[PDB]
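A short write-up of the structure that comes next.
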Amino acid sequence: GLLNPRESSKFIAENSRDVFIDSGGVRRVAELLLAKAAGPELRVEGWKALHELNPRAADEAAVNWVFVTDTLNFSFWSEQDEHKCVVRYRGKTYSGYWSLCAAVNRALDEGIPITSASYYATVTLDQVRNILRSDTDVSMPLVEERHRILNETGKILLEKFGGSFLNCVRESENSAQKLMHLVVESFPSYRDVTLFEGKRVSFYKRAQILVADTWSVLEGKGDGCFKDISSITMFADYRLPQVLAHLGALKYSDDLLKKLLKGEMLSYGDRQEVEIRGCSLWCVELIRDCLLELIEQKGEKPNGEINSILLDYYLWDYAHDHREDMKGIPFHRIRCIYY
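Residue numbering for the sequence shown follows the UniProt record's numbering, starting at 3 and increasing by one per position.
As structure tokens, then:
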């Protein structure tokens with residue numbers, strides 16, 4: 003049945019009708035990343051050093067914070083930029099994914115144990131609305147799905163994993179692939195799989211970002227030392243394709259650009275949606291290959307291994323920091339629990 007995310011993406015990219023990978027753009031992005039390759043933006047330390055809302059500690063508490071944020075890491079876009087969820091934390095203002103992290107830190111600082119499965123297994127919809135409350139008139143999208151997924155995930159964590167995601171990490175035996183599979187097999191909300199040309203393809207956006215963020219919060223050490231961390235792909239969402247299209251690595255058909263410019267909502271597993279996701283994922287694989295070849299050619303000996311995770315982290319931050327520049331090619335619009 004099931005191709006892994008890397009194999010899925012190659013198959014999708016090779017059979018794509020409406021999304022194209024531009025070799026010139028792949029080269030362009032690789033040359034941009036090469037100039038930043040010595041910076042904190044392309045090292046595991048950047049996950050903490052560049053994002054104040056991320057846990058400082060490499061402890062069980064921090065591992066469970068990553069579990070809860072990645073369990074809810076989906077669908078933060080609003081229809082207009084003037085009209086969106088904002089969460090204030092320690093006198094700073096956050097939107098999109100960061101508004102979720104702000105809301106989690108706000109709850110923990112209030113003494114609400116929102117990162118404990120003993121709490122979120124049975125948290126009510128009322129409680130979740132309060133915890134995720136916006137400081138604007140506009141709510142976070144899909145709060146009912148976030149409530150249901152917290153209950154589902156906390157029940158499984160208590161029953162199968164002693165109420166801590168650190169038990170799942172330890173059972174993975176320093177394998178990123180084993181941790182990815184344990185998560186997808188154990189937690190239904192992580193089953194990010196669909197059809198393409200009658201084959202079962204996988205993306206595992208939330209399961210792979212959970213492994214990457216586990217690696218990051220544990221600083222690639224101890225329980226978070228993953229011998230096969232380079233095997234994790236980019237996290238196929240709506241912001242990464244938008245920044246690859248902006249930088250010229252992805253090209254869209256007229257039918258697809260038409261939908262994007264009008265804000266026509268795509269559905270999970272639509273051919274065009276699967277082509278955007280598969281082409282983005284394969285596109286980062288090619289950028290990473292090109293970057294490593296550029297680094298080999300300059301006779302460089304990087305002080306750390308560059309991988310698809312670190313390219314994703316960089317490009318997602320780039321999307322966040324250059325949102326104004328990217329108006330002309332919108333992100334694709336979808337409401338689903340997978341991303």
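Positions of the beta carbon are idealized from the N, C-alpha and C atoms, including for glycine.
Span of the alpha helix (DSSP H), counted from its first residue to its last, around residue i
i: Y121; result: 119-122
i: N56; result: Where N56 is concerned, there is no enclosing alpha helix (DSSP H), given that its DSSP letter is neither H nor E.
i: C285; result: 273-299
i: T155; result: 145-162
i: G48; result: 48-51
Nearest-angstrom beta carbon gap, residue j and residue i [assumed within contact, 8 Å]
i: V219; j: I14; result: No, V219 and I14 are not in contact; Cβ-Cβ is about 31 Å, not under 8 Å.
i: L134; j: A105; result: 5 Å
i: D20; j: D257; result: 6 Å
i: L184; j: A119; result: Going by Cβ atoms, the distance from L184 to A119 rounds to 16 Å, so no, they are not a contact pair.
i: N66; j: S166; result: 6 Å
i: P115; j: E154; result: At roughly 18 Å, the Cβ-Cβ gap does not stay under 8 Å, so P115 and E154 are not in contact.
For residue i, the nearest candidate out of the options (CA to CA)
i: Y121; options: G93, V70, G98; result: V70
i: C285; options: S25, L5, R19; result: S25
i: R30; options: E47, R58, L4, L296; result: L296
i: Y192; options: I116, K201, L181; result: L181
i: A209; options: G200, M236, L197; result: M236
i: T216; options: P57, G3, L5; result: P57
i: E43; options: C338, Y320, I339; result: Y320
i: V89; options: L127, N176, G98; result: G98
i: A40; options: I308, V28, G330; result: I308
i: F205; options: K229, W49, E175, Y240; result: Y240
i: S18; options: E277, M328, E287; result: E277
i: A37; options: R325, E302, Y341; result: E302
i: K207; options: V186, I116, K253, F167; result: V186
i: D327; options: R273, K300, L249; result: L249
For residue i, three-class secondary structure by DSSP
i: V195; result: strand
i: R90; result: strand
i: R241; result: helix
i: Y254; result: strand
i: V125; result: coil
i: residue 345; result: Past the boundaries of the shown model lies residue 345; the chain is included only from 3 to 341, so the question cannot be answered.
i: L4; result: strand
i: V219; result: helix
i: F189; result: coil
i: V68; result: helix
i: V21; result: strand
i: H248; result: helix
i: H183; result: helix
i: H322; result: helix
Host beta strand (DSSP E) of residue i (start-end)
i: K94; result: 94-97
i: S25; result: From DSSP, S25 is part of no beta strand (DSSP E) but of the alpha helix (DSSP H) over 25-37.
i: residue 382; result: Outside the modelled stretch of the chain, which goes from 3 to 341, sits residue 382, for which no answer is possible.
Test item: CB-CB of residue i and residue j under 7 Å
i: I311; j: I234; result: yes
i: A109; j: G156; result: no
i: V140; j: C87; result: yes
i: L34; j: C103; result: no
i: residue 2; j: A247; result: Missing from the structure shown is residue 2; the chain here goes from 3 to 341 and no further.
i: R150; j: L74; result: no
i: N176; j: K229; result: yes
i: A214; j: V28; result: no
i: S11; j: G306; result: no
i: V125; j: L152; result: yes
i: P332; j: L262; result: yes
i: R172; j: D225; result: yes
Any non-hydrogen atom of the ligand ATP within 6 Å of residue i CB
i: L35; result: Ligands in the displayed structure: none, and consequently the ligand ATP is not present.
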